[PDB]
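A.B. asks:
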Amino acid sequence: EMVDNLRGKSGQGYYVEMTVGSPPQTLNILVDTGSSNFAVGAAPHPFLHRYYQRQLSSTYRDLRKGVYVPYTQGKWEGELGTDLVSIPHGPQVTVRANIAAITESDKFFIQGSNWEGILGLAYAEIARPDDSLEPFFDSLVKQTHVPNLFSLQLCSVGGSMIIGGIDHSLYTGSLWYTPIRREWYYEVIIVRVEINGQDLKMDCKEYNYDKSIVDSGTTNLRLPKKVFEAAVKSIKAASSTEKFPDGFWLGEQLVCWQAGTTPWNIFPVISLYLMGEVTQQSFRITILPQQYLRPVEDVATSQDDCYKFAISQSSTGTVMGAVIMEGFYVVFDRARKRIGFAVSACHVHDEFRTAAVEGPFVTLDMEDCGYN
Ligand SMILES: CCn1ccc2c(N3CCCC3=O)cc(C(=O)N[C@@H](Cc3ccccc3)[C@H](O)CNCc3cccc(OC)c3)cc21
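Here our numbering runs 977 ahead of the position in the sequence shown, where the first position is 1.
(1) Would you identify the three-state DSSP class for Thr1071, choosing helix, strand or coil?
(2) Whole angstroms are fine: how far does the CA of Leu1147 sit from the CA of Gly1067?
(3) Specify whether the stretch 1206-1213 and the stretch 1254-1263 touch according to this definition: at least 3 beta carbon pairs, one from each stretch, less than 8 angstroms apart.
(4) Assuming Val1307 and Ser1128 are in contact, meaning their beta carbons sit under 8 angstroms apart, how far apart are those beta carbons, in whole angstroms?
(5) Decide if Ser1289 is buried, meaning its Cβ has at least 16 other Cβ atoms within 10 Å, or exposed.
(6) Hey, is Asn1349 close to ligand 1, as in C-beta under 8 angstroms from one of its heavy atoms?
(7) Please go through the same chain and pick out, in chain order, the residues whose beta-carbon is closer than 7 angstroms to the beta-carbon of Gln1088, but skip the five residues on each side of it.
(8) Quick one, which of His1022, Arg1031, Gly990 and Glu1328 has its alpha-carbon nearest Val997's?
(9) Closer than 6 angstroms by C-beta to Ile1139: which residues in its own chain qualify, once you throw out the five before and the five after it? Chain order, please.
(10) Where does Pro1112 land, buried or exposed, given buried means 16+ other C-beta within 10 angstroms?
(11) With distances taken from CA atoms, which of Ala1019, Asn1091 and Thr1059 is nearest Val1008?
(12) Kindly indicate which residue of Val1046, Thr1331 and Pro1337 has the alpha-carbon position closest to the one of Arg1105.
(13) For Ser1034, which of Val1044, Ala1019 and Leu1270 has the nearest alpha-carbon?
(14) Among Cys1323, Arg1315 and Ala1322, which residue has its Cα nearest to the Cα of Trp1153?
(15) Which same chain residues, not among the five before or five after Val1209, have their C-beta less than 6 angstroms away from its C-beta?
(16) Among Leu1040, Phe1085, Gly1094 and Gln1050, which has the Cα closest to the Cα of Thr1003?
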């Protein structure tokens, strides 16, 4: 009953329905594996269709402490409190959880997005103000019998968040696991990057400077500057049969083709190799251009299909965002400190190429690829 419990708009995150307070107030909450605070709009905002009204909840408790959270995109400030929370299309339980009531924000809420809050699914180590603010999923596991694991199938868009287990109907083929290196973000280690089979030929620590994370709340694949520059050079080379403005590669400009004529075949597949659970072993996930060229829906331009380049540069490490996760079934196996990847039931492919998760591969270079 948790299948298809996610909705969203392309480029604007995926959200699940939740209720907060007594009596229950229904809100749509963005699912974010890249942070650890549960926060909801709690005052009027031009982009909010509704918001949390603390005065109407008999179970609300004020913690008398403010909190400020700046993300890569957007920021908000609010008041900490606790209240009862449920997930209508998830496990049928009610938990008391920490909630940040957002009273002020900047470039956080999105015009027309349909969500009103955010559910940080990562570890307490990156919770604000500090790690004593227990994250939602931690409270869920401690207060119920839900297994310490969840999975995401991200596919107007939709998908599934399966709390407490793995749904086999949501993937095909084998599940490959990579270790969670450190429990703060969902940090992983990339050991190799290929563009159309060609190795970027870089010290593998560069791929993980200064960390690499799996983040459902970020749209793009974000790469460390040095890796980004090398990747763009190789994607340009592969696609050189057409020449695009430098602004396209910087994600500042759309590229458009007559409806139905997008030249998918001139763009390369990107393979990211992730550390396996065994010494010097890895597996790879392969991303097609249908993933990293993000469609931008706009009726004004609808004579064409137009796209934004959804790989961009980072000064804070690699972020495997929604563009990478889409078309894969991703298991956040907290209990066993590992992340699993499999090909999703809602996968990308044309008649020539298919996204894949495959292995094992072996590396002769014994260098640890973790940056720290
Ligand atoms: C879905 C909306 N959206 C669209 C683009 C886009 C985007 N960017 C910017 C450039 C390329 C790219 O993809 C970045 C973010 C982003 O910052 N996401 C947040 C959640 C969020 C969701 C919705 C709105 C605002 C924030 C996430 O916690 C970040 N994790 C690591 C992170 C970074 C910094 C602090 C931190 O604290 C926990 C966590 C959201 C984006």
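Ideal Cβ positions, reconstructed from N, Cα and C, are used throughout, including at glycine.
C.D. replies: On the basis of the coordinates in this document:
(1) Translated into the one-based positions of the sequence shown, residue 1071 becomes position 94. Correct three-state label for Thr1071: strand.
(2) Working through the sequence shown from its first residue, we reach residue 1067 at position 90. Working through the sequence shown from its first residue, we reach residue 1147 at position 170. Those two C-alpha atoms are separated by around 16 angstroms.
(3) no
(4) Within the sequence shown, numbered from 1, the residue matching residue 1307 stands at position 330. Within the sequence shown, numbered from 1, the residue matching residue 1128 stands at position 151. Going by Cβ atoms, the distance from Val1307 to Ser1128 rounds to 6 angstroms, so yes, they are a contact pair.
(5) Numbered from its first residue, the sequence shown carries residue 1289 at position 312. With 16 or more other Cβ atoms within 10 Å, it is buried.
(6) Numbered from its first residue, the sequence shown carries residue 1349 at position 372. No, the Cβ of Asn1349 stays beyond 8 angstroms of every heavy atom of ligand 1.
(7) Working through the sequence shown from its first residue, we reach residue 1088 at position 111. The residues are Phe1024.
(8) Mapped onto the sequence shown, residue 997 falls at position 20. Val997 has its Cα closest to that of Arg1031, out of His1022, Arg1031, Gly990 and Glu1328.
(9) Counting from 1 along the sequence shown, the entry for residue 1139 is found at position 162. Same-chain partners within the cutoff: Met979 and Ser1128.
(10) Taking the sequence shown and counting its residues from 1, one reaches residue 1112 at position 135. Label assigned to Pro1112: buried.
(11) For the purposes of this step, residue 1008 is taken as the residue at position 31 of the sequence shown. Closest by alpha carbon: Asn1091.
(12) Along the sequence shown, read from residue 1 onward, the residue named residue 1105 stands at position 128. Taking only the C-alpha atoms, the option nearest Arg1105 is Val1046.
(13) The sequence position of residue 1034 within the sequence shown is 57, counting from 1. Of the candidates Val1044, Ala1019 and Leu1270, the one whose C-alpha sits nearest the C-alpha of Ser1034 is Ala1019.
(14) For this step, residue 1153 is matched to residue 176 along the sequence shown. That would be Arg1315, whose Cα lies nearest to the Cα of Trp1153.
(15) Residue 1209 sits at position 232 when you count from the first residue of the sequence shown. Excluding sequence neighbours, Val1209 sits near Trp1226.
(16) Sequence index remark: in the sequence shown, residue 1003 carries index 26 (1-based). With distances taken between Cα atoms, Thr1003 lies closest to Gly1094.
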